[PDB]
Structure formats: C-alpha cells, structure tokens
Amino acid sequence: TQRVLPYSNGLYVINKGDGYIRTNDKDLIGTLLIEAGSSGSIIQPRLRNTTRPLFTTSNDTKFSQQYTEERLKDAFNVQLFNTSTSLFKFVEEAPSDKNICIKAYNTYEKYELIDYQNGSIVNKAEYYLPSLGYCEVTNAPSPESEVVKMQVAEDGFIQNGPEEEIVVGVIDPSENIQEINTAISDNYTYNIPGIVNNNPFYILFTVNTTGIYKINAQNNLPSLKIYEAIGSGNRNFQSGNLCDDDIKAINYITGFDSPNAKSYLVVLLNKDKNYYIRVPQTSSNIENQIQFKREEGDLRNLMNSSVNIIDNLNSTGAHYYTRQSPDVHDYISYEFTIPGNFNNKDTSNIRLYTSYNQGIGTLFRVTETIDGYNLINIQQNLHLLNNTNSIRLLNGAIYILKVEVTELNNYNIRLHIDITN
C-alpha cells in the first residue's frame, strides 16, 4: 500500500514538520505547578547560544553530517545548526477555580535527505534541527489516583506540530554547473565543452522573452532534464544577461532519466526565472550540442512535456514503450510513424493504451511545412487505461500522442501501440 513516488532521479530535502520531541521525556525542560490566580513562566533566554541537533544516516561516507547540512543550506538556506539567538518563552496564568500544570519540552524541526534513484530511496539521512519548544498545559494532578508502572517506549520521535511535507530538489554537488552568460532569444546552440567530458552536468541559463521552447541534443540523444531554480529572478537583473544567484534549490519540470531514450523537451520558460538543464552521463566520445529554439507555432501545444521519438515501429503487431511516469496532471508525449509507404491511401488500424496508469490523451497529426511543424488535433479525451477503442491512421504518416496522467498507479508508464493490417 506504498505511495508511488514519481520523483525524478536525484537529491531531495524534505521538511517533515516542526515540534518533534523524543520519547521517554528525553527533551522535557520541565514542569511548573501554578496555583490558581498565579502565573508561571518557562524561559529560554539564550545566555548561551549552544544547541544540540540530532543526526542519523544510512551512509556515513556520502551523506555525512557536513554534507547533509550543506544540503539543508542548499534547500532551505539554514545556516545555524549548532547555535541559536532565538528566544522562546511560555507563560501561563491559572484560572481562579483550579490549579494548572505546564510542561515544556525542547523541540526539533525534522528534515529528511534522500537520494532517489529509479524508483526507490538509495541513501537516507534524518537531520533534527533544534527548534522553539512545545508547551502543554494540563489540570493539576489529583491525589493520588495510584501510580501505575509502565515500560519505556521504543526510541523515536513524536510530532506535536502541524502536518507538513515540503519537498525541495537540490543540485547534486558532485556535478559541474556550466553557464550560458547570454540570455536566449529565438535560437541558441550550446557546444558541449571538454572541461566536462563524460560526467553528467548542469547548464544554467535564462531567457529573454517568456515563451515556449524546444530543447534537445543532436539527433535527440541523449535525453535531457530541465529544472527551474526556485525563487530566481526576484533580485538582481541585467537586460539580456544571466544573473547567477547561486540557487541550488530546484523544481523538476520534465525529462527522462534513461539517456539512451531519444527525446526532446517542450517547455514554457519565463524571462524572470533561471533554469538548469541536466545532461546525463554519455558513453560516447563524439561531440554534441544542446539546441534551444523558441516555438511560435503548433508545437506550443506540447508544453510542458518530453517527447519520445519512437523509431522501431516498422512492423505490424504489438509494440510497447516503458518510461518513468509523470506525476498526476503532468505530461508525457510520444512521436511515432505508422509503418508502411506513405501513398495517402493505404491505412492501418491503431490501438493506443496504457497498462496501469490512467491518462487522458490527445492525438495529433504532424505535417512539416516550410513554415515549421503543423499539428492537427484528430482525437481528444482518449482514456488510455486498458483502452479498447481503435482508430485508422495513414501508413507512413507521423503522429504525436500527448498524455496527461490522471491516476498514478505505477512508477512507470507503459504505452502500447498495437497495429493491425
């Protein structure tokens, strides 16, 4: 009954909430018994600034405490881990009727650091950052009930703060960040430099004018990913230039992790934002370029998604293609060519369907003119999950299926293109 985590490969820092305390009163500051009418205060005056963060990890050698702290700084900009100048104080006035007790506990804000790879967590750290306390008030205990003996709880935590899950992707520090210092207009070609051979790397760029862009490598290989830097472009600004604010907190927009998958990106980019492109480990010594092109035409219909180029569709029968499934309400697109000679008469019966994930699909006929690519919408509201409906398409013609995931039942999406005749 596990949730499917449709996260992209890489590092995430997750704020899992405030007001965490340890079991067995390990973080009890103490109790005040306030007689009725009176008041009581418990105070953290910060006469000493020292605090005591708690840290556990699955891998001391990658996710050390140092590394984990650096990641928390990348994600949320935390910078004091051992110290604090922040005062907290709890005050209680007991009502006229009855006495009152207040228990004060120190608290932690829980951060989780994950390395998520191909559908599971492969490295995990928990960092408990010292927080600003928990104060429970209760009625005065009565004499004497009777003291009932109890065994200690297992070691662990209890959250007393409100529910919280804030997920923030972070730039992998072991990978280089190259920069495109000029703002991209209509076209741009980035040659892949020898300073970053073979290893994966990021390209930080910005755009001159808000618009939809097609981004790809030569021959659509390898597949790229694209991130938005969170909160970028709010500050310093130079017209037609990139301003790097050293932001390592990233939102995944789209892109496949399988580098041998032919694909291209179609994304809506803002001029008031910076974006990172991640190019993966390439097993070839051949030169390569990243092409950026502003789309003014029908290709704007494909934002925001990656488009798989399907090449092996040259026989009749059953064909299937597995990719990482987008999250709910996110997109994935496939461009394919119906096998056979294009003579504008010969036709084949095509059945498109998914195996586990439910997705709404729209089908496009693609013709290329001297004005660019043209997309004719020939089918709308296709419900893909185990779809039995078929449609007749032209042999030798080119189509694009755009798929919006609506029910995420599987980490992967499995598209089937069954062809008969």
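In this text, residue numbers run from 1 along the sequence as written.
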{"property": "187-195 versus 262-270 - greater average Cα B-factor per the deposited record", "result": "187-195"}
{"property": "146-154 versus 122-130 - greater average Cα B-factor per the deposited record", "result": "146-154"}
{"property": "Out of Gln238, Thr322, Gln117, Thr107, residue topping the C-alpha B-factor column of the entry", "result": "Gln238"}
{"property": "Peak C-alpha temperature factor (PDB record), options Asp246, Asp74, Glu92, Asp327", "result": "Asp246"}
{"property": "Chain-wide C-alpha B factor ranking for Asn357, given as lowest, middle or highest third", "result": "lowest"}
{"property": "Ranked against its chain, the third holding the CA B-factor of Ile43", "result": "lowest"}
{"property": "Assigned third (lowest, middle, highest) for the C-alpha B factor of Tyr67", "result": "middle"}
{"property": "Entry-reported Cα temperature factor of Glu163, expressed as the chain third it lands in", "result": "middle"}
{"property": "Record-listed C-alpha B factor of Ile376: chain third", "result": "middle"}
